[PDB]
Structures are given as C-alpha cells and as structure tokens.
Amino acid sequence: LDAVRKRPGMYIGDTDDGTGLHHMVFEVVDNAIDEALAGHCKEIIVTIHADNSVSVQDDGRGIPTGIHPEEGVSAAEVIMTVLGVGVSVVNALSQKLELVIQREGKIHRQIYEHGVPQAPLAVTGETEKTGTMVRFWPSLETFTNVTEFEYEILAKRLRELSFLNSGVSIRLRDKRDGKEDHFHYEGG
C-alpha cells in the first residue's frame, strides 16, 4: 500500500476539491453491487453517519474469510491490503475502516487504521444472515478542504446505478438529518 500512500492523487483523484472523497464511496459501492448481484434478494444500504464516516452493506455471500495459502492471512485481509481502483486504495486512505463479514453461520470482524490491520480477522459470533459491511472514516491527513459527504452527489449516482443493475435494491440513508432514498429498478 505504500505506493498509494506516496501519491494518493494518482489512485483516488483530486484530494482537495471533494471528487476524490466521493470516489472513495463509489469504489466501495461498486464492490457491494458485485456482491449483491451474486445473490437473489440483492440489497445494498449506503449510510452517511453523523461522524462523517460512510458504511456500505450488502446481503450477498460475504467476502472469503479463509487463510490465503501464500499470503498467510485471511482472504479478506489480502483484498484490503494488496494493490476500478480496488478497495485497498480506500483502506489505505481511510484513518479507520471497519470490516464485518457474515458467512457460513459466523460473524467475522476486523479493524484497520490507515490501511494497517489492528488484529487478524476474528470470528466474534454467530448469524443466520450473510453479507459484507465496510464502514470507513476518510483520512483527514489526505482529504483536505472538502471533508464532508454531500448527499446529492451520492443520491444522483446511486439512482443512475440502479438502472444498470436490475433487481438490486439500493437504499441511501443520511443519519445527520434523517434523509432517506430507495432506488430499486426491476427491469428485464
């Protein structure tokens, strides 16, 4: 990840005017849509939290959690730490990132800070559901000037995305003011 840390602008885009900041969300959303399309129900929920973090969750199969034979860490960690631009870029430029994977009846949890895992991916409990949740806090060391998520930029993009992804429910939530939208196109 040091290559991304060395020149963030080359990977995420302009880190001053807010375009790079919102690209962080849309990179995560693209991965969530890929996960949602693999299942039948297919819903993602994008939430803008009051601390200016954004969480994206889906009810798909869940990111692979088993240990990678070569890398010697969870497949999830390999995806988060090895270089669309990839979620590893988002992780690298996030001062905090929370990963929660529900898979094979188990809840898996891991925390990153500036791309560095704070502990190995851990099974913390049980669940009947499946899916992946990524919540990230953009690094204020990288993202300057424009540091807050604009609802309209996300809402417009997710609406456009819904028509290209049939059967995928996309919910948008703003916990700062309680604003909510639901984009679900069932065509084809």
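The term rigid core refers to the maximal set of C-alpha atoms that superpose within 1.5 Å between the two forms. Sequential numbering from 1, following the sequence displayed.
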| property | result |
| --- | --- |
| In 8 other deposited structures of this protein, rigid core aligned: more displaced of 32 to 40 and 140 to 148 by C-alpha RMS | 32 to 40 |
| Between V116 and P117 - deposited residues without coordinates, as a size class | none |
| Between the two ranges 67 to 75 and 107 to 115, the one averaging a larger CA B factor in the entry | 67 to 75 |
| Comparing 173 to 181 with 19 to 27, the one whose average Cα B-factor in the PDB entry is higher | 173 to 181 |
| Residue selected from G39, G125, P120, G131 by maximal Cα B factor | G39 |
| B-factor third for the C-alpha atom of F143 within its chain | middle |
| Position of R61 among the chain's modelled residues by C-alpha B-factor, lowest, middle or highest third | highest |
| Position of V85 among the chain's modelled residues by C-alpha B-factor, lowest, middle or highest third | highest |
| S53 by Cα B-factor - lowest, middle or highest third of the modelled chain | middle |
